[PDB]
Structures are given as C-alpha cells and as structure tokens.
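A.B. asks: Have a look at this one.
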Amino acid sequence: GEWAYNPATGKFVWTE
C-alpha cells in the first residue's frame with residue numbers, strides 16, 4: 001500500500 005513504513009518506530013511493515 002501507500003503506507004509500508006512506520007515512522008513512529010523506524011520499522012518497515014513487512015507484514016503488508
């Protein structure tokens with residue numbers, strides 16, 4: 001999707 005990175009922790013949402 002258009003959101004695959006979490007700037008709230010620095011982790012990449014590899015789960016999606």
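Letters A, B, ... go to the chains of the structure tokens in the order shown; residues in each chain start at 1; ligands are counted from 1 in the same order.
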What's the 12 Å shell around residue 2 in chain A, counting only C-alpha atoms, without same-chain residues fewer than 3 positions away, as a PyMOL selection string?

C.D. replies: chain A and resi 5-6+13+16

A.B. asks: In chain A, what's strand (DSSP E) per DSSP? Answer as a list in words?

C.D. replies: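 Going through chain A, the strand (DSSP E) residues come out as residues 5, 6, 11 and 12 of chain A.
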